[PDB]
């Protein structure tokens, strides 16, 4: 659904003469006031991770002072190259980079997906050069992020997805079973996006060191949450570089790092690994050209906002934020188990996947959507999840959620036949065959791009 089709002029052609800056800003600001109550008041799962208007006004100043930065030119903006070096270093330390000998290194990327993609490409390129593996395989849980499939398709890696156990954590045995001599990497999520549970990293990491291959830890969600939850006295095993089997880790500075959107860190245990990531061309008439990541020209300013957010918070700000989130979490989970028909999937710390055996969970979800809740629809198995952020730690938000949740279950128990709005969509999507979904969604992405 396209909200501003009518309220605002549509442009499928450049205006013959330029429109005034004062007006363009006003058009955009208006859309700002329309869309920002949804995430600000706490109705959104994930999406906005900090939300505080002063922390945002702060990062916008950081962007403004670095707007022109392009780290393709480290000699014009050595300031940005500094930021990137320090975000990578501070993040390395945070994830047990010292307990590895201090050989831990990385680069700043554009997001979790790039981190994962880069990593897969690295392990693929390394395996071919050293172990001579020319038809590579990777082994991850079925809960590992969909970005892994993306890497499989792009780089020509055969991806093998293993099943989970009763707690929705990875099945470490089935992983051993699927390893072949062509397997170049195994991965574990900390936590996985679907259910918020942390795969058995120590076990997977060990399994990896055993067969002399890589182990990647997808800590894109947990990187900036888990280390602080551990010091707050929660049940979190070592997930990072403390474990010796773990060869790489990815973490999102734009997620729970509270940077602005468009930054992430990929970390490798040794430099001889990192080096397979760099792209270099020496034979090009355009001169010497190299890039650490996928991109050539990058938004230097976003690397600044990641750096500035990490310094403005420090170990205190993260410890504080993490507590306020995990508090709201434990409190929401209690309110959910308290409700009869619902169950929680596995044992999440702050990303809660709620399902039902008796009711149609998708209509429950739709009933929440009726009150303004923008939640995530899962399937295999059917459920919806809410990933908690600082936006849900504000006064009365977890309460409103549980209050609206009760009324929503009561309504669906009265009419188990009810399936309104999006409920029928999420439900068909569950049952439909891959190649049919692949086609309808393709039409949906085309609808997004219409003028």
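Positions refer to the first chain, counted from 1.
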property: Average Cα temperature factor in the PDB entry - higher stretch of 110-118, 195-203; result: 195-203
property: Average Cα temperature factor in the PDB entry - higher stretch of 401-409, 63-71; result: 401-409
property: Of the residues 257, 245, 300, 262, the one carrying the largest Cα B-factor as recorded; result: 245
property: Highest-ranked of 210, 86, 252, 218 once sorted by CA temperature factor in the record; result: 210
property: Modelled-residue ranking by C-alpha temperature factor, third containing residue 320; result: middle
property: Assigned third (lowest, middle, highest) for the C-alpha B factor of residue 101; result: highest
property: Cα B factor band for residue 190 (lowest, middle or highest third within the chain); result: lowest
property: B-factor third for the C-alpha atom of residue 149 within its chain; result: lowest
property: Chain third (lowest, middle, highest) by recorded CA B-factor, residue given as residue 169; result: highest
